[PDB]
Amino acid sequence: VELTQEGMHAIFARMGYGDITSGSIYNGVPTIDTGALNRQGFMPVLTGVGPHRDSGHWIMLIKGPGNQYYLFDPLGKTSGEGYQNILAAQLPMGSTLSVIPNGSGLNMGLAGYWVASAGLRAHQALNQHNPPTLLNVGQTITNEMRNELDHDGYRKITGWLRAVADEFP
């Protein structure tokens, strides 16, 4: 039901993104390849892992226009602000990191799916000539997550995650 690090990379390859670089917060120490983030425009980050825990949480960094970066936490805005300060220090100088203001209570333990799905839609929404406000991007994310769960999304995503976990270790 949880997406492994290799499973995340395999997902983006099958989606036509090639070989991606991801990030992590391992034992409290972040590893963010900002050159790859600038080139990819996004980066899934596996947090909450370390020497005594292999099961954590997926979040998504997003590069906007100019020097703007965004953090999409599937657990909601306040969960994302817990990572904002340590992840901001990893960005190039002159950058600003903003947490996408989406609602809480909709992750359902499917952060790997939300990052690879809603996170990319948030990436395209923020990287266009006339983008909606940051308030509107988070509200769209909250509504889409809630609408997918309303359409039996938990049973469909957990089933799809078990399939991907079966085609890999």
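Each residue number is its position in the shown sequence, starting from 1.
Legend: mean Cα B-factor per stretch from the PDB entry, 127 to 135 versus 114 to 122; the higher mean is in 127 to 135. As recorded in the PDB entry, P65 shows the highest C-alpha B-factor of the residues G109, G103, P65, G35. Split the chain's modelled residues into thirds by C-alpha temperature factor. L149 is in the lowest one. For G80, the recorded CA B-factor ranks within the middle third of the chain. Only modelled residues enter the ranking.
The entry lists a Cα temperature factor for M93 that places it in the highest third of the chain's modelled residues. The PDB entry assigns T142 a C-alpha temperature factor belonging to the lowest third of its chain's modelled residues.
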